[PDB]
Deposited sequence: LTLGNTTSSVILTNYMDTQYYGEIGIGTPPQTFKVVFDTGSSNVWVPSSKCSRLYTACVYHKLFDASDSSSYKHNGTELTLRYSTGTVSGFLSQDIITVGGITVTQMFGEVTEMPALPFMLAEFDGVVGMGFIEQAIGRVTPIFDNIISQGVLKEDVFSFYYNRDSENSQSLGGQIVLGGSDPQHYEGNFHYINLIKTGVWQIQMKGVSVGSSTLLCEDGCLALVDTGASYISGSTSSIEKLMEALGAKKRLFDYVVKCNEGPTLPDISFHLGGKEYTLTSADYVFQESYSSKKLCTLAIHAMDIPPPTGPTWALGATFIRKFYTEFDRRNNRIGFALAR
């Protein structure tokens, strides 16, 4: 069912690494800073029932079911594993407010939240924008519940991620896109298969020559990821071509050599999506005596999803992204 309503959620841009919005859960609403994540399909917030021995639960907003009159118990255990760490807890149901839209949603109340990486998290929880096929405990994702309401003008959602500030951090439009944040026309790439926000990549070129992904590879479009990521071997070849040194968690170049770095192009659909060094270097200085981080990391993603590249915030900053549930495709346009 299609309505006449589009809903927007204003996002906060923390250091160009974290983009999050606000949602309300329960009656009266308990507000949480959440990541809208295309790489996952579960909604979770930290629980009041999380041991205060987990320091992350001391520094984040906790959901207290004892303060919500609209809360409905479930208690089924859930464990969500990511490339960065793991969260566990139990299922609960309540009313969630997302930019005006009020929806009854099943979500996870996280009772085990590790310091690494959640002590570095500015957001409290996650709102998965993925498909039911990837949902742990096959819980209906929030977008599927919003579609069911038949209020949205279109069965699509769009992401705008700005470049760091003091104005707009970003914006998610549910039910459409915002022309004020893109220019030209969208160019779509169909999903390999329904259930995952993943598309086929024809090649990755450093400078002018198609150095990587020559025989084709996979590209996951992940709004919940900070960087552009490839397999350990791919990133090794990429970095050798850039003249970068491997560190514990990141790759770096001396700050002075940052602006001289070549363009990186991603062949998706018909078009070549090019990022210059300004789009992928954290140019904190211009000094030969300092190290500058690159917004490209190695991440070995396992089967069935992987081995795959992941196009995170580094990519979305340059390209305004539309996620089409109706046509199982992702559109890209140059961000304004």
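- Residues of the deposited sequence that lack C-alpha coordinates fall in the stretches 1, 167-169.
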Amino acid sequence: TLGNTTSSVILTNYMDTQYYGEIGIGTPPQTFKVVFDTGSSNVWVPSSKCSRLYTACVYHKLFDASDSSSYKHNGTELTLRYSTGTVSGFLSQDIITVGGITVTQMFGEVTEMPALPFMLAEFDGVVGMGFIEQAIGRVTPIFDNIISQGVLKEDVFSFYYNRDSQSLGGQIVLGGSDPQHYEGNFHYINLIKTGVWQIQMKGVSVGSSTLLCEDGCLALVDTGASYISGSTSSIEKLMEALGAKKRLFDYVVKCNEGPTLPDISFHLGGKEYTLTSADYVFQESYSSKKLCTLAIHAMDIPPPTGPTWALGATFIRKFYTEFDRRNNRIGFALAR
From here on, numbers count along this sequence of modelled residues.
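Take the two forms, superpose them, and find the largest set of C-alpha atoms that agree within 1.5 Å; that set is the rigid core.
- Note on 176-184 and 83-91: with rigid core alignment, C-alpha atoms in 9 other deposited structures of this protein sit farther from this form for 83-91.
- The stretch that strays farther, by root mean square C-alpha distance over structures and residues in 9 other deposited structures of this protein after a rigid core fit, is 74-82, when 94-102 is set against 74-82.
- Compared with the other entries of this protein, residue 331 is consistently built, present in every one of those that build its neighbours rather than absent from a third.
- Across the other entries compared, at least a third leave residue 167 without coordinates even though the residues on each side are present.
- Note on 26-34 vs 286-294: mean CA B-factor is higher in 286-294.
- Note on 71-79 vs 197-205: mean CA B-factor is higher in 197-205.
- For the set 149, 223, 93, 111, the maximum C-alpha B-factor listed in the entry falls on 149.
- Looking at 213, 115, 121, 106, the one whose CA carries the top B-factor in the deposited record is 213.
- Among the modelled residues of its chain, residue 65 has a C-alpha B-factor that falls in the lowest third, as given in the PDB entry.
- Remark: residue 131 belongs to the middle third of its chain, ranked by C-alpha B-factor as recorded.
- The entry lists a Cα temperature factor for residue 40 that places it in the lowest third of the chain's modelled residues.
- Ranked within its chain, residue 308 lands in the highest third, by CA B factor from the PDB record.
- Among all modelled residues in this chain, the alpha-carbon of residue 299 has a temperature factor (C-alpha) in the highest third.
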